[PDB]
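Below: one structure, written as structure tokens.
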Amino acid sequence: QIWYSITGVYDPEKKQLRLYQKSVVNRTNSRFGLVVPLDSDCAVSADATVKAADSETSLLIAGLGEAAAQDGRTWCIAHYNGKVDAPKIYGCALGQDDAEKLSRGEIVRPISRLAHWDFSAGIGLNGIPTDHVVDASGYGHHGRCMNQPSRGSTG
Amino acid sequence: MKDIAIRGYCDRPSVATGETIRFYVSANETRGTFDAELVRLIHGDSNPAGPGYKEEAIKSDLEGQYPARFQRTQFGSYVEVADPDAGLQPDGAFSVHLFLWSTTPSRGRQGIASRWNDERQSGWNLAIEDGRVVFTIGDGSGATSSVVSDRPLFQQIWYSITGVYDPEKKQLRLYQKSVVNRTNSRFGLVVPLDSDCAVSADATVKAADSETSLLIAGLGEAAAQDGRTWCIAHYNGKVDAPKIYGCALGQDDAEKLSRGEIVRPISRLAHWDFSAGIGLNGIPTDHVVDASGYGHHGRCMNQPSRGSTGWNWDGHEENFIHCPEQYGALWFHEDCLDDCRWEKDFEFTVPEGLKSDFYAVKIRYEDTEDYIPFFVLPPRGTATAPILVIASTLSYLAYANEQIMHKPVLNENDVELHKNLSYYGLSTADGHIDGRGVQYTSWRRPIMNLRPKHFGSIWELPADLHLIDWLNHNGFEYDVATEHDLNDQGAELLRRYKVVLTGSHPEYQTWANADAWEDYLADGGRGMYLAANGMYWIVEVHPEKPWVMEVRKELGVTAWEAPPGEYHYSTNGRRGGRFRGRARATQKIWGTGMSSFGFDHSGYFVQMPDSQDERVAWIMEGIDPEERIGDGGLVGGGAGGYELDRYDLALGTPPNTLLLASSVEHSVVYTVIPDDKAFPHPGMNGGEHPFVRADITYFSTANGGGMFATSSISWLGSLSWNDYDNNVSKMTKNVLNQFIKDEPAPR
Amino acid sequence: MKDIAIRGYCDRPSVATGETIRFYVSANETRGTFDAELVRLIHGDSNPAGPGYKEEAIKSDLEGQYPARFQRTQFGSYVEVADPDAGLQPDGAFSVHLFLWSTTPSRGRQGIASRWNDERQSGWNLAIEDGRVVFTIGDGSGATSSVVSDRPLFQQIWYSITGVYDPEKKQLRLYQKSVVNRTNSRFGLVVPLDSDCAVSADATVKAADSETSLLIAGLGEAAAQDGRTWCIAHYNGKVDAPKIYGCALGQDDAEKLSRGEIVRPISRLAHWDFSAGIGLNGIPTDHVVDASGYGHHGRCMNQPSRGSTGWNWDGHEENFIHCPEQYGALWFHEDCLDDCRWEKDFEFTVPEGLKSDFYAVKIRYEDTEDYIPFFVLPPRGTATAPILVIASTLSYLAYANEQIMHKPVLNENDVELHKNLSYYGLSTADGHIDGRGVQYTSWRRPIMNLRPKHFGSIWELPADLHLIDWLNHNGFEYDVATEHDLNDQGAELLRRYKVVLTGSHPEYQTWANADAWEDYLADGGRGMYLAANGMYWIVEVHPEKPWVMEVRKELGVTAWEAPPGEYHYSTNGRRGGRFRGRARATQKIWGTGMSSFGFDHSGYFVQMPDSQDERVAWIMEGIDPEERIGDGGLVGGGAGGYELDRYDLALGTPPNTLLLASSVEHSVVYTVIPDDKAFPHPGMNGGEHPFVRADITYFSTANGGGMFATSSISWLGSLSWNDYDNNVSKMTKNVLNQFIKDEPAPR
Amino acid sequence: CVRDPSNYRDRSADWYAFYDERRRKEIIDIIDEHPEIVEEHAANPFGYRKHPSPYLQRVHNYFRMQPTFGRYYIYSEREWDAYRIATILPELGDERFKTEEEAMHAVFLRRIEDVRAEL
Amino acid sequence: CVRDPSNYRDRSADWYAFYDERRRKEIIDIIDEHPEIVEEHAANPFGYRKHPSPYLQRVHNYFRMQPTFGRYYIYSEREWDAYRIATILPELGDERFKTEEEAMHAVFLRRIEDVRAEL
């Protein structure tokens, strides 16, 4: 129950996966506060031996896909448990400084996004009574909440 | 005459290393292939008195042949509601209500709200034809059933229209009612307006499934292929809160709807509130919210005007973020275009060893040569040169497809903007068919006045290629960033460089660019303002679609003026007209700002008594004190021309500014801009008023930096004159060789 | 020259029967008596080509002899804080902090915040003298003690100024720090501004009781006699939230006050929050809240500019009712006047038998003869005549004491406006010594250009005496209202009359007056618009002080332009620029609206093809259809001149409107107004553009009504031409004999 | 009452016709009483280093603000090195012009012929 | 460091001096080439029913916008039937005029005397 910022970077130009991780606790959002000596930040990398191929499934937030999409339906299997605030895919490899700026909520490289689901797009003066998750990147990759996750939760 | 046969555009203006740009090309008919190769642009102006056209081919992984094909472009603003399960086609009775404002009620046939198929006459629609409102249903076998209003529409009057289908009496009905108040319509409450009717016809067929999407401001062309419903009969004017019920309404229900009361809130099938999502950050989204809980969320296509005056707008609030219950309309012009949505032909990943400069993809068709310009950046976080050149791409989007024959020399790329308006779009300097000027513009469309070839003014990309050619003819080593990249990256981009040069006409800025320039010059930074009309209008880049620009102009040096309640931007709820009215005049940052404009030729600079100063002995190093500066050039035949900036302490020129030279011999056609006029009176022209001048200035900031301002457009045009040996080039070279040193810029 | 030696005014413009008016008169020196009597104004213009001066003395209780005396006038803005207990004169240590923004830093000695006596130099002040900020204490024995800043003040730059007195070390201290941001100051963050100091000097005396009030923006002249303190040395510029502590501060605490952090809240003595009271309807008051909870409440005197930009203003909100925490400044001009605060000399209660007409009071001194115009209404709720003549008093207050010689023919009244500025005040078309236009104007002051006696420019009230004399010479029975009364009442005032005439220059209207006109014409009303430039500027009458007017201008036909953050009024928060920018243009109500203005002479009218229409033969009856309507006259030399209104359907003329004539032969000096220019090209002049014209129109409204507009100022100057035998008087007589009949108005 | 939007028209167009009539008479009187402005425009159409006469400037102010100003463009191509006069697809003329100053003076003469032909 | 306001002056005043120099030279040349404008202005100073020459209008546009335009007011009182010309307390003159057209033409002559009597 500690808010992290997690960036996964794939780079074929150097044949290298990269992963970034940074805790974004403030006084109020997490399990414990700012009094702890929290060292939970890393920036590691590995070797891309293969290529990321087509999975023939949908894209899921909070889950993996079981098998190929049969009759347009994808069976989610390994379920996450906890909040996920505004995921986004870029079409280019990032750096540590750009992951640092994403970890402050600054949207870096807006033209290079592939998808950006804004879970707070639709909140009017009468709540968010829908299941439709807006692609905030303007590409039309709109989501669909399945089996009712908790809308209107703390970010 | 010459038949332009090949087009194209990029998906993004600037590309760094290691990332991919995609090129979307189209031809007039599907036959043959086309060549393609990458070039580097050096000099654009093919004027025979100048250096001539200059390019340089690059061996890249791009060249080859690709299949030419014709790609259809959707053209016109609308709202498309995805309905796969045909829920918005009721098996029995239904009723449609909406508010209506029409600018061209007699321009052909115009569909207002519809789930209609037009190839086979099936579905229902609410339309305008013969200047009347017609509500039509159809079965699919060609037979229809229409009911027609009695009183036709007036231009720009708010109407409440209720179409009613009722199988129990086999009867169509239509209730029309005008809802004018003091402020929202073209005329007021003093007219004896009789524009109300209540008609009826006979429903002889049953309304079938159109197998299309529900469209606001349009009729569907044919059946849905690949989920895309093509829109044909476009509407021109505002639509405010449409709704579909599942019951035949009465006259009392139409009367209560016409006052703004939601009748039977459980019998609604859909209700689209266009004002849902207006916070203190504007409404920077295309998501039209279904305000009745059914999941019939729409989507704005080709960017209609969000945040426009509704039917119930008395003028007690003019900022739409503080009164969103009176701003529920969308303008829906028939001739908007924010993306061509074309299918990709080829893409190009930028390699490692590729110098940051201006590039272009030269497409060779049968007998037509075409270019697609783009920019290549230094790698992210690196600075491979001590000079940065800011390409003014926001002003490239301003004057993009600036149509003149639709609105004087013409090339073949102007008559093709006139002959094919549906392929190209309009410019912010132009206006729509309604009379309102164009606010939104876009990169993802073929910009035809951006190609580098072809005495008056020049298009904005060759006018920056003048500076690129002058830097390449000398030995200077430079990089290229754009104003989109300045907007995204802030002053962190500018702090990597010593001196930053500005493009030839950087007229439209964002607020964040102005903050970046102020934070860069405030902390040991250096710059050249080699241009004029420098920071006049306020642009905001759209947050969902970063290729869409927005400007809402006002009085001043404009071509169009915004309507009364609609001054505030929709991408952020802020005022955003001109910079000078936001207490951010151009003199406050760059030392000089807009003073005069005109269109015949240029003048020359006469030196002021601060030329003989010894604090600026490094500027005037090789110039005799009896000489003219820029008397003859490629743009007007002079260096001070077409648009002029001045020195003014009251607008915010810094106090330690020196005043080097000033421009003279300006005709009576150069007027004073309307920002300086209290009472207009005769003699407000050039040569007769003191405000018509250019002013070459210089001030020094803190921590060893400063600013040089030439305050005229044609300064860059007069750099190659007399084969690079003139006063303009020597002055620019003196200041630039001073700025790229390691010593602080002098005080 | 003749020396004007008597003045005067009224408390209120209009007075009905049974209620009492007061007359406040002053002389150059206290001796002798002045005669007085009541007259009735019939004509004012003593042009020898015209009917000349006309009046009719009325026997009443008003006449007699009264002693003359000199009455001193307080002149200039300040905030007065009454303190009888000397609570704001501390015994021990104290500090004073305020934010400062000076517009004339070098213009004499200026006090910012003082509880000071200047007869005997006792108290304390924080003044500007010799361009520096000087914190002086005193004790009455003449020996003062100062501390003077090192760095002087720049013009229009926000500073933070702390004055600290410490008896524990017998030391004065002064702190100073510039708090510029990107938006609030004259220049920006690019300058290398070093204007910070922290100095000190030894204190030799003790700050004693000054026996005066505490003033913001001023010093005190002498001891408080009869509870009134005379302010002398007036500051010029904004002051944002001053505060007094009861202890000596340090440099770190002054640093934290200079960031807006309220340090030591329990140790405050007083803290005036100039933004406490800003609701959703502006700040319509004079009460300044002590935000420290002690009850030292202020009182704005002579109307400083409320709702002004503060020290922490960044341009994200330009409306002060929605961001009240960035708007806590008052401008404090040295030359405002909202009331002369004179003592009464004689009053007058209107008897029952007195006709509603223009009146005046003829004051007769030794060699000087003066008038005080006031109006008399019908009794409340009744009407005595079918014709109502509105006297445009808001536009009388517009050009009240309009000074040209301080800024052309002049009389002896303008050299008194030049020679005694401190007795007369300024106009809304003037400008302050700061360089800013006057927003607030007032009736309770001697308005010298309002008297009926004395080609190129004829004043406002004689130009209504033109119409009054034309109605008296013909047989028309009329009543008279004012625009203040129409604001107070509404269209209930207008519906008691068959036809309502409009004065000679009805330029400044309130919003509710325009609503009253649209409600009156909308249901069977009839009206004449015998003028031009008729609904141009939005004006609001102050709610607490109904004799004070307000206008804040923008780019139009304007004398000045409002500063960037300050467009919304203080008496209500609504926008209020010009009526055309609020979708309430003059064409929407009256048929015509402002098109062009000039200043040399007039033109004549030429009949359009709608003059020969058989629907409107009743207007052009005794007029040959080859004539010239209105050539020659007492204003300009023609009917259509000096300001023009045009027909326009796009701005909102009713669609049934006829265009009966148009004015021609205008000079090249008549310019087109700035509201109709997109790009100013040459030839925006009269005789070279289709917008420079007048237009005589007519349109019918509902329930048997109509409206007739003549679209020129000098239409009324042609009524008395050729001894009432011309085309202007025959046309106005045709339409006025038609509108007062009992059949409905023709279509 | 007011019920049909085709019964009502813009009545200012009568005044535009009147203004255009008197304006064309004034401009042809200026051209006839001053035959040196035509050669003045032939010598220098842009007014480069010699600003135009007030009567020539008045004729230029008359031409550049018509609703019929939007004819007579100067067409080119990237492969001609010549100038032709488009006329409102537009329909080009025949005579070629090696410089665009000759093209501008041809457009000016052709506009003088157009304002003479309409009276 | 920008620390004292008296170290810095408004540097556009040098350009105003240069501009007024060239403009005075042009206006005295325009007057000395066309001396009939004084006859025209004595004929009808208001331009009433005879609009002025373009050169005379250029002279008026030079006169009506200088900082020195603020002199020369025409003064009269209610019991004179005479027009006297003030000069900035104002310094009233000696000659009396019976109309204000004669006073305006005398003011125009005196402004020509001022523009000659400087260079």
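By convention in this document, the chains of the structure tokens carry letters A, B, ... by their order, each chain's residues are numbered from 1, and ligands are numbered from 1 in the order they are shown.
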
Residue hits in chain D, query chain C, radius 12 Å, only C-alpha atoms, as a PyMOL selection string: chain D and resi 1-20+22-24+26-27+54+57-67

Suppose we keep N, CA and C atoms; can you now write the selection as a short mmCIF file (atom, residue, chain, number, x, y, z; two decimals), in the first residue's frame?
data_model
loop_
_atom_site.label_atom_id
_atom_site.label_comp_id
_atom_site.auth_asym_id
_atom_site.auth_seq_id
_atom_site.Cartn_x
_atom_site.Cartn_y
_atom_site.Cartn_z
N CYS D 1 -46.88 40.93 -38.14
CA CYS D 1 -45.89 39.99 -37.65
C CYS D 1 -44.85 39.65 -38.71
N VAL D 2 -43.85 38.88 -38.30
CA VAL D 2 -42.69 38.54 -39.11
C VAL D 2 -42.61 37.02 -39.15
N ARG D 3 -42.80 36.42 -40.32
CA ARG D 3 -42.91 34.97 -40.37
C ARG D 3 -42.13 34.26 -41.46
N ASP D 4 -41.76 34.93 -42.55
CA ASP D 4 -41.09 34.25 -43.66
C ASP D 4 -39.80 34.99 -43.99
N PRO D 5 -38.65 34.32 -43.96
CA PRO D 5 -37.37 35.03 -44.10
C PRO D 5 -37.03 35.44 -45.52
N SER D 6 -37.85 35.08 -46.51
CA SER D 6 -37.61 35.49 -47.88
C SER D 6 -38.39 36.74 -48.27
N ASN D 7 -39.36 37.16 -47.47
CA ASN D 7 -40.03 38.43 -47.72
C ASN D 7 -39.12 39.61 -47.42
N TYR D 8 -38.13 39.42 -46.56
CA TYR D 8 -37.28 40.48 -46.06
C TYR D 8 -35.88 40.33 -46.63
N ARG D 9 -35.29 41.44 -47.05
CA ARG D 9 -33.99 41.44 -47.70
C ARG D 9 -33.09 42.44 -47.00
N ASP D 10 -31.84 42.50 -47.45
CA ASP D 10 -30.91 43.52 -46.98
C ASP D 10 -31.16 44.79 -47.77
N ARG D 11 -31.70 45.81 -47.11
CA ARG D 11 -32.00 47.05 -47.80
C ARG D 11 -30.82 47.99 -47.89
N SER D 12 -29.65 47.58 -47.40
CA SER D 12 -28.48 48.41 -47.55
C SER D 12 -27.85 48.27 -48.93
N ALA D 13 -28.21 47.22 -49.67
CA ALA D 13 -27.65 46.99 -51.00
C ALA D 13 -28.06 48.06 -51.99
N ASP D 14 -29.23 48.68 -51.77
CA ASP D 14 -29.60 49.88 -52.51
C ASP D 14 -28.58 50.99 -52.31
N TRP D 15 -28.13 51.18 -51.08
CA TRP D 15 -27.13 52.21 -50.84
C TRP D 15 -25.76 51.80 -51.36
N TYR D 16 -25.44 50.50 -51.37
CA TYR D 16 -24.18 50.09 -51.98
C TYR D 16 -24.19 50.36 -53.48
N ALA D 17 -25.35 50.18 -54.13
CA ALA D 17 -25.46 50.51 -55.55
C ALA D 17 -25.31 52.01 -55.79
N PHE D 18 -25.93 52.82 -54.93
CA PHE D 18 -25.82 54.28 -55.04
C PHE D 18 -24.38 54.76 -54.83
N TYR D 19 -23.74 54.24 -53.78
CA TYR D 19 -22.35 54.58 -53.47
C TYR D 19 -21.41 54.16 -54.58
N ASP D 20 -21.64 52.98 -55.18
CA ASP D 20 -20.78 52.53 -56.26
C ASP D 20 -20.95 53.38 -57.50
N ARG D 22 -21.79 56.72 -57.66
CA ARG D 22 -21.07 57.98 -57.47
C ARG D 22 -19.57 57.77 -57.37
N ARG D 23 -19.16 56.62 -56.84
CA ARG D 23 -17.74 56.33 -56.69
C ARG D 23 -17.08 56.08 -58.04
N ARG D 24 -17.76 55.36 -58.94
CA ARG D 24 -17.21 55.14 -60.28
C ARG D 24 -17.13 56.43 -61.08
N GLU D 26 -16.66 59.46 -59.79
CA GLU D 26 -15.52 60.18 -59.22
C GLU D 26 -14.19 59.63 -59.72
N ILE D 27 -14.05 58.30 -59.78
CA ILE D 27 -12.77 57.71 -60.16
C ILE D 27 -12.48 57.91 -61.64
N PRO D 54 -0.82 61.43 -54.57
CA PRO D 54 -2.10 61.30 -53.85
C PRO D 54 -3.27 60.90 -54.73
N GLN D 57 -2.66 57.27 -55.42
CA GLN D 57 -2.99 56.56 -54.18
C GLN D 57 -4.49 56.47 -53.97
N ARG D 58 -5.25 57.48 -54.41
CA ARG D 58 -6.70 57.41 -54.31
C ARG D 58 -7.27 56.38 -55.27
N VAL D 59 -6.69 56.27 -56.47
CA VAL D 59 -7.15 55.24 -57.41
C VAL D 59 -6.81 53.84 -56.89
N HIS D 60 -5.63 53.69 -56.29
CA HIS D 60 -5.27 52.42 -55.66
C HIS D 60 -6.18 52.10 -54.49
N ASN D 61 -6.60 53.11 -53.74
CA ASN D 61 -7.54 52.85 -52.65
C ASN D 61 -8.91 52.48 -53.19
N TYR D 62 -9.28 52.97 -54.37
CA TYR D 62 -10.55 52.56 -54.94
C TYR D 62 -10.52 51.12 -55.42
N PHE D 63 -9.42 50.69 -56.04
CA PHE D 63 -9.39 49.35 -56.62
C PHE D 63 -9.30 48.27 -55.56
N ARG D 64 -8.53 48.49 -54.51
CA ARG D 64 -8.15 47.44 -53.58
C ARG D 64 -9.21 47.11 -52.54
N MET D 65 -10.43 47.61 -52.67
CA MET D 65 -11.46 47.28 -51.69
C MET D 65 -12.82 47.05 -52.33
N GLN D 66 -12.83 46.59 -53.57
CA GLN D 66 -14.07 46.20 -54.21
C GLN D 66 -14.47 44.79 -53.80
N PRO D 67 -15.76 44.47 -53.90
CA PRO D 67 -16.14 43.05 -53.94
C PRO D 67 -15.74 42.38 -55.24
#

Shell around segment 119-136 of chain B at 8 Å using only C-alpha atoms, local window under 3 positions removed, as a ChimeraX atom specification: /B:89,105-106,108-116,139-153,163,174,207-210,219,221-223

Kindly save the residues from that selection, with C-alpha atoms included, as a tab-separated table (two decimals), in the first residue's frame.
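Contents of the output file out.tsv:
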chain	number	residue	atom	x	y	z
B	89	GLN	CA	-33.76	2.67	-33.24
B	105	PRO	CA	-30.37	27.63	-43.46
B	106	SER	CA	-30.60	27.83	-47.27
B	108	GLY	CA	-28.54	22.94	-49.76
B	109	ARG	CA	-29.75	20.06	-47.61
B	110	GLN	CA	-28.33	19.93	-44.08
B	111	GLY	CA	-28.80	17.09	-41.60
B	112	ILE	CA	-29.15	18.03	-37.95
B	113	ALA	CA	-29.44	14.77	-36.03
B	114	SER	CA	-29.83	11.39	-37.60
B	115	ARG	CA	-29.45	7.65	-37.58
B	116	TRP	CA	-29.92	7.48	-41.32
B	139	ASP	CA	-38.12	1.55	-44.39
B	140	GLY	CA	-35.25	0.59	-46.71
B	141	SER	CA	-37.34	-0.04	-49.83
B	142	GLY	CA	-37.10	3.57	-51.02
B	143	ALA	CA	-40.43	4.63	-49.54
B	144	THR	CA	-40.29	7.34	-46.89
B	145	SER	CA	-42.67	9.36	-44.72
B	146	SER	CA	-41.90	13.00	-43.97
B	147	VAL	CA	-43.49	15.80	-42.00
B	148	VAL	CA	-42.48	19.36	-42.88
B	149	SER	CA	-42.55	22.59	-40.87
B	150	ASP	CA	-44.73	25.50	-41.99
B	151	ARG	CA	-42.64	28.48	-40.98
B	152	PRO	CA	-39.07	28.40	-42.34
B	153	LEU	CA	-36.05	29.23	-40.22
B	163	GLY	CA	-39.78	15.55	-33.89
B	174	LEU	CA	-43.21	18.27	-35.50
B	207	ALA	CA	-38.50	3.07	-39.47
B	208	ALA	CA	-35.88	0.36	-40.03
B	209	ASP	CA	-32.27	-0.18	-38.97
B	210	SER	CA	-29.96	2.16	-40.85
B	219	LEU	CA	-26.52	12.26	-42.46
B	221	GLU	CA	-23.72	8.14	-46.42
B	222	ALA	CA	-23.97	4.35	-46.61
B	223	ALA	CA	-23.79	1.27	-44.39

Cut-off 7 Å: closest chain B/chain C atom pairs per residue, using only C-alpha atoms, as CSV:
residue,atom,partner,partner_atom,distance
B:183,CA,C:583,CA,5.4
B:186,CA,C:652,CA,5.4
B:187,CA,C:652,CA,4.6
B:188,CA,C:588,CA,5.7
B:189,CA,C:522,CA,6.0
B:190,CA,C:522,CA,4.3
B:191,CA,C:701,CA,5.6
B:192,CA,C:702,CA,5.0
B:315,CA,C:582,CA,6.6
B:316,CA,C:574,CA,6.2
B:518,CA,C:190,CA,6.2
B:521,CA,C:190,CA,6.0
B:522,CA,C:190,CA,4.5
B:557,CA,C:679,CA,6.1
B:558,CA,C:678,CA,5.4
B:559,CA,C:678,CA,4.8
B:560,CA,C:678,CA,6.2
B:564,CA,C:581,CA,5.3
B:574,CA,C:316,CA,6.2
B:581,CA,C:564,CA,5.4
B:582,CA,C:564,CA,5.8
B:583,CA,C:183,CA,5.5
B:584,CA,C:183,CA,6.3
B:588,CA,C:187,CA,5.5
B:589,CA,C:190,CA,6.7
B:650,CA,C:186,CA,6.8
B:651,CA,C:186,CA,6.9
B:652,CA,C:187,CA,4.3
B:653,CA,C:187,CA,6.5
B:654,CA,C:187,CA,6.2
B:669,CA,C:682,CA,6.0
B:671,CA,C:680,CA,6.7
B:678,CA,C:559,CA,5.6
B:679,CA,C:557,CA,6.1
B:680,CA,C:671,CA,6.5
B:681,CA,C:671,CA,6.4
B:682,CA,C:669,CA,6.0
B:701,CA,C:191,CA,5.6
B:702,CA,C:192,CA,5.1

Residues flagged alpha helix (DSSP H) by DSSP in segment 442-545 of chain C, as a ChimeraX atom specification: /C:460-473,483-489,491-494,511-521

Residue neighbourhood segment 106-112 of chain E, 8 Å, only C-alpha atoms, exclusion window fewer than 3 positions, as a list in words: residues 38, 63, 72, 85, 102, 103, 115 and 116 of chain E

Could those residues be written to a file, using N, CA, C and O atoms, as a short mmCIF file (atom, residue, chain, number, x, y, z; two decimals), in the first residue's frame?
data_model
loop_
_atom_site.label_atom_id
_atom_site.label_comp_id
_atom_site.auth_asym_id
_atom_site.auth_seq_id
_atom_site.Cartn_x
_atom_site.Cartn_y
_atom_site.Cartn_z
N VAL E 38 -2.68 78.54 -48.74
CA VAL E 38 -3.03 79.61 -47.80
C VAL E 38 -4.24 80.39 -48.31
O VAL E 38 -5.12 80.76 -47.54
N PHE E 63 -0.10 69.49 -38.57
CA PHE E 63 -0.35 70.47 -37.50
C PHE E 63 -1.15 69.90 -36.35
O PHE E 63 -0.90 70.26 -35.19
N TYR E 72 -2.46 77.94 -28.89
CA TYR E 72 -3.33 78.66 -29.83
C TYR E 72 -4.79 78.23 -29.72
O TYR E 72 -5.36 77.58 -30.60
N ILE E 85 -7.05 85.32 -29.66
CA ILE E 85 -6.27 84.10 -29.77
C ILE E 85 -5.31 84.02 -28.59
O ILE E 85 -4.41 84.86 -28.45
N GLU E 102 -11.88 83.79 -39.40
CA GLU E 102 -10.72 84.68 -39.47
C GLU E 102 -9.72 84.35 -38.38
O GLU E 102 -8.50 84.38 -38.62
N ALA E 103 -10.21 83.97 -37.20
CA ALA E 103 -9.32 83.59 -36.12
C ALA E 103 -8.61 82.27 -36.42
O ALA E 103 -7.42 82.12 -36.13
N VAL E 115 6.55 77.03 -37.75
CA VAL E 115 7.33 75.97 -38.38
C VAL E 115 8.45 76.54 -39.25
O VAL E 115 9.49 75.89 -39.41
N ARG E 116 8.30 77.77 -39.75
CA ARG E 116 9.44 78.40 -40.42
C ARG E 116 10.48 78.89 -39.43
O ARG E 116 11.68 78.84 -39.72
#

Spatial neighbours of residue 23 of chain A, 7 Å, only C-alpha atoms, chain gap at least 3 places, as an MDAnalysis selection string: chainID A and resid 3:5 40:41

Spatial neighbours of segment 102-116 of chain A, 9 Å, only C-alpha atoms, chain gap at least 5 places, as a PyMOL selection string: (chain A and resi 4-7+21-24+86-92+97+134-142) or (chain B and resi 11-12+19+485+488-489+543-547)

Members of segment 286-411 of chain B assigned strand (DSSP E) by DSSP, as a PyMOL selection string: chain B and resi 289-290+300-301+329-330+346-349+358-364+369-376+387-391+409-410

Neighbour list for segment 94-96 of chain B as a list in words, cut-off 9 Å, only C-alpha atoms, skip fewer than 6 positions in-chain: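 My list of contacting residues is residues 113, 126, 161, 162, 163, 164, 165, 166, 242, 243, 244, 245, 246, 247, 248 and 249 of chain B.
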
Can you spit out the residues from that selection as a compact mmCIF listing (two decimals), in the first residue's frame, using N, CA and C atoms?
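File out32.txt, as written:
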# COMPACT_ATOMS: atom_id res chain seq x y z
N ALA B 113 -29.66 15.91 -36.90
CA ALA B 113 -29.44 14.77 -36.03
C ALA B 113 -30.10 13.58 -36.69
N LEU B 126 -33.50 14.09 -38.80
CA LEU B 126 -34.06 15.42 -38.66
C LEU B 126 -33.14 16.35 -39.43
N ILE B 161 -36.92 22.38 -31.38
CA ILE B 161 -37.54 21.52 -32.39
C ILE B 161 -37.78 20.14 -31.79
N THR B 162 -39.01 19.66 -31.90
CA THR B 162 -39.38 18.35 -31.36
C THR B 162 -39.99 17.50 -32.46
N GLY B 163 -39.24 16.53 -32.96
CA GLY B 163 -39.78 15.55 -33.89
C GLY B 163 -40.39 14.39 -33.13
N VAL B 164 -41.58 13.97 -33.57
CA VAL B 164 -42.39 13.00 -32.85
C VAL B 164 -42.89 11.96 -33.84
N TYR B 165 -42.59 10.69 -33.58
CA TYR B 165 -43.13 9.58 -34.35
C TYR B 165 -44.04 8.75 -33.48
N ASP B 166 -45.19 8.39 -34.02
CA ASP B 166 -46.28 7.82 -33.23
C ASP B 166 -47.00 6.78 -34.07
N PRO B 242 -29.19 17.61 -27.55
CA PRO B 242 -30.20 16.74 -28.16
C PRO B 242 -30.57 15.61 -27.22
N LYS B 243 -31.73 15.02 -27.48
CA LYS B 243 -32.21 13.92 -26.66
C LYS B 243 -33.22 13.09 -27.45
N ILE B 244 -33.23 11.79 -27.18
CA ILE B 244 -34.16 10.84 -27.78
C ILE B 244 -34.98 10.22 -26.67
N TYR B 245 -36.30 10.24 -26.81
CA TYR B 245 -37.17 9.54 -25.88
C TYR B 245 -37.72 8.27 -26.53
N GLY B 246 -38.32 7.43 -25.70
CA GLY B 246 -38.99 6.25 -26.21
C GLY B 246 -40.49 6.34 -26.10
N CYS B 247 -41.04 7.53 -26.29
CA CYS B 247 -42.48 7.74 -26.19
C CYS B 247 -42.87 8.95 -27.02
N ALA B 248 -44.08 8.91 -27.57
CA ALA B 248 -44.56 10.02 -28.38
C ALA B 248 -44.92 11.20 -27.48
N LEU B 249 -44.21 12.31 -27.65
CA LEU B 249 -44.46 13.46 -26.80
C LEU B 249 -45.70 14.21 -27.27
